[PDB]
Amino acid sequence: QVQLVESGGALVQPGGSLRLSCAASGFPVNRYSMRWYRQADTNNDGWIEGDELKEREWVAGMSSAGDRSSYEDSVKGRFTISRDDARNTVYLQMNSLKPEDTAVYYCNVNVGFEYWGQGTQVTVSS
Ligand SMILES: [Tb+3]
């Protein structure tokens, strides 16, 4: 069936870089637009909990043909979305990471229903 599996989350120092992956099963990533979302840690405790789990912040997206990408303002220039069609995987490159980027990151596709993966956490902290 349709499945999305995020990986690559880690603890990173401020200013650091990371690449997240979203491995898709059940459909081809080069036939669907794919998006990254996050649920951020808004109370600076290093956890995503409670009302933080009721949020839906769009981070980045790329079109099915691969020729149109978009980013939320707060990450423009710092993050880059790409994909590897052979690995059926979408990536999110992060640079110049900030504490405000601490969040669980989720990839998303619409295959006749709206689907999100189980998420991977990035923590930006000292
Ligand atoms: Tb929290």
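Criteria and thresholds
Residues numbered from 1 in each chain as written, not as in the entry; some residues may be left out. Heavy atoms only, no water. Helix = DSSP H or I, 4+ residues; strand = E, 2+ residues; numbered from the N terminus. Rg over C-alpha atoms; globule rule 2.2 N^0.38 Å. Contact = heavy atoms within 4.5 Å. Pairing = 2+ DSSP bridges. Axes fitted to C-alpha atoms, helices over the stretch in contact; angles between N-to-C directions. Buried < 20%, exposed > 50% of the residue type's maximum accessible area, 1.4 Å probe, protein only. Disulfide = S-S within 2.5 Å.

- In its metadata, the entry names X-ray crystallography as the structure determination method and reports 1.5000 Å as the resolution.

### Brief notes about the overall build of the protein
At step 1: Counting secondary structure elements, the protein contains 0 helices and 11 strands.
At step 2: Starting at the N terminus and ending at the C terminus, the protein contains elements arranged as β-β-β-β-β-β-β-β-β-β-β.
At step 3: Radius of gyration (C-alpha) of the protein: 14 Å, near the 14 Å computed for a compact globule of 126 residues.
At step 4: When contacts within the protein are restricted to residue pairs at least 6 apart in sequence, those whose partners lie at least 24 apart make up 56%.

### Some points on the sheet that holds strand β8 (residues 89-94)
At step 1: Pairing within the open sheet is antiparallel, and its 4 strands lie in the order β1-β3-β8-β7. Looking at strand neighbours, the two that pair on one side only are β1 (3-7) and β7 (79-84), the edges of this open sheet. Averaged over all pairs of adjacent strands, the angle between their axes in this sheet comes to 20°, without regard to strand direction.
At step 2: In terms of strand pairing, β1 meets strand β3 (residues 18-25) through 5 bridges, oriented antiparallel. When the bridges of β3 are listed, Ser 7 appears paired with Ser 21.

### Focus: the pairing of β7
At step 1: Of the two faces of β7, only one is covered, namely that formed by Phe 79, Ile 81 and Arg 83; the face formed by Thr 80, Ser 82 and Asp 84 stays uncovered.
At step 2: The turn joining β7 and β8, which pair antiparallel and follow one another in sequence, is formed by 4 residues; a positive phi near 45° is taken by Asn 88.

### Considering the state of the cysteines
At step 1: Under the definition given, this model contains 1 disulfide.
At step 2: Between the sulfur of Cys 22 and that of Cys 107 lies a disulfide, 2.0 Å long from S to S. Judged by the sign of its S-S torsion, about 70°, the bond between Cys 22 and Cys 107 is right-handed. On the criterion of sequence distance, the pair formed by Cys 22 in strand β3 and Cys 107 in strand β9 (residues 103-110) is long-range, its members being 85 residues apart.
At step 3: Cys 22 sits in the buried class, given a relative accessible area of 0%.
At step 4: On the basis of relative accessibility, which here comes to 1%, the residue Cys 107 falls in the buried class.

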